[PDB]
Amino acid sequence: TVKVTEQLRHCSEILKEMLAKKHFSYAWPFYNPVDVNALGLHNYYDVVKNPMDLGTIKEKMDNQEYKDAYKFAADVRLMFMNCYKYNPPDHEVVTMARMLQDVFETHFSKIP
């Protein structure tokens, strides 16, 4: 179907919005993969088996790798889920993830 392509172009615009700089203050921890070495996190990969970040999603989107909007949404939500599973809920990163996720969920809910 053609409408799948229209949905994916809406998804690409949503990805560009999540990378926009109105959100920089809370989006920056999600720009790049977690660098466990820079952060001192010897236990991250024990909890998080499938790392995800917006930069990886952008390269996947630039390569036509998402065949429907629902695969894209699953990668974005995976990124958040990794953050929420690894970190305690009172952690700043979780508030920041929720602000970015609110942006995502509001925009994704409009796709037909």
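Residue numbers run from 1 along the displayed sequence.
A.B. asks: Going by the B-factors listed in the PDB entry, is the mean over the C-alpha atoms higher for 103 to 111 or for 3 to 11?
C.D. replies: For C-alpha atoms only, the mean B-factor is higher in 3 to 11.
A.B. asks: Using the B-factors recorded in the PDB entry, average over the C-alpha atoms of 61 to 69 and of 47 to 55, then report which stretch comes out higher.
C.D. replies: Between 47 to 55 and 61 to 69, it is 61 to 69 that shows the higher mean C-alpha B-factor.
A.B. asks: Pick out which of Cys83, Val76, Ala27, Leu41 has the highest C-alpha B-factor in the PDB entry.
C.D. replies: The listed residue with the largest C-alpha B-factor is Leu41.
A.B. asks: In terms of the CA temperature factor given in the entry, to which third of its chain does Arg98 belong: lowest, middle or highest?
C.D. replies: For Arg98, the deposited C-alpha B-factor lands in the lowest third.
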